[PDB]
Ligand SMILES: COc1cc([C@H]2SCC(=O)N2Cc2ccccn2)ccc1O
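Only one chain is included here, represented as structure tokens and corresponding to the form solved without the named molecule.
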């Protein structure tokens, strides 16, 4: 069972999710006035803390907590090491709410013990196309279209409890307090991803990886040398050859995105994303924030030929600590972010992403099978990884959809 999740406005089982036919809320309507004004009760030795995520020292404290306590694989080989600059970027988008960044510290020594972050997002989350068809076939179109308008909701990320405080039911308390602060802002839905199975995902997708520095990936045991390679006199030489990339981009007119590109990038991105069942809606300010290049954080390139931007891609950087190998500090990973192609095939656009990532010293390129990411898996030599990324809503009934109908990239 789920002692915490069984108390929450989420579908409880897979059989439950398969009965859902229209998008809409689970909970009864509430007002801000109904929500307790005071923070959720916590042990007298602990205190709630709202970090100022634009203050270098507060960012650093969050950085340390995550560096030492955030997502690790089951074999404790790698742990995310989100940079301070990345954290400021991720947590402070346009119109962010400082109160949605929630921490727990120990009163006695002020040691940070836990964290959860919420940021605003405008999300299309109305009934999916295939279910709208079923609704039309049943004469149920009005119900199905009720929540079509993009919604201003909360995106939750960076949930983390210190290793010393694991399995003490602190995570539920963090979630309840985050929910309270978000509710007090008159927001009633959230979206989040997890690599674990909880009640109850609306979409699940496999991870994919594209080796850029195969020798390093083998050394740190991220990858193995596949059995067939042992038929070669020099397995490693053949592995390096198979994953080799051009030393410079192949698309003429590829350049870094500039501020003047924001309107055209917004247009082509929004045109593209609107085709998916679940996707964000971005203002000029949000395009600028999430896509303009930021050193060591986000990398974005446009294709400009005949003086017009026709295509773009973006990727972001999350290095992981290489826990057990003493020869390497970090695994430098590039993550496929947003993109749009109108003039060239997607594989041709994303080949340039791999080329740029490789030339900038990235070891691997990662993605989930959302958007049209499946369309270039085979040609660009991506391989499926371990497990799945699952997408969830809080207080939103939603029918199961394919990951190829999801257009929300999570950081």
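Numbering follows the first chain given and starts at 1.
One more form of this protein exists, namely the form deposited with the named molecule bound; it is left out here, but the text below deals with it.
- Partner proximity in the entry with it bound, defined as non-hydrogen atoms within 4.5 angstroms of the named molecule, places exactly one of 36 to 44, 54 to 62, 346 to 354, 359 to 367 at the interface: 359 to 367.
- For the candidate set 96, 147, 335, 276, a heavy atom within 4.5 Å of the named molecule in the entry with it bound is found for exactly one residue, namely 335.
- Among 299, 78, 312, 202, the residue placing a heavy atom within 4.5 Å of the named molecule in the entry with it bound is 78.
- Mapping the unseen interface onto this chain, residue 386 counts among the residues with a heavy atom inside 4.5 Å of the named molecule in the entry with it bound.
- Using a 4.5 angstroms threshold between heavy atoms, residue 282 stays clear of the named molecule in the entry with it bound.
- Proximity of residue 304 to the named molecule in the entry with it bound: non-hydrogen atoms within 4.5 Å are absent; the residue sits far from the partner.
- With a 4.5 Å cutoff on heavy atoms, residue 209 counts as touching the named molecule in the entry with it bound.
- For the partner-free chain shown, 71, 72, 73, 78, 79 of 53 to 79 come within 4.5 angstroms of the named molecule in the entry with it bound, judged by any non-hydrogen atom.
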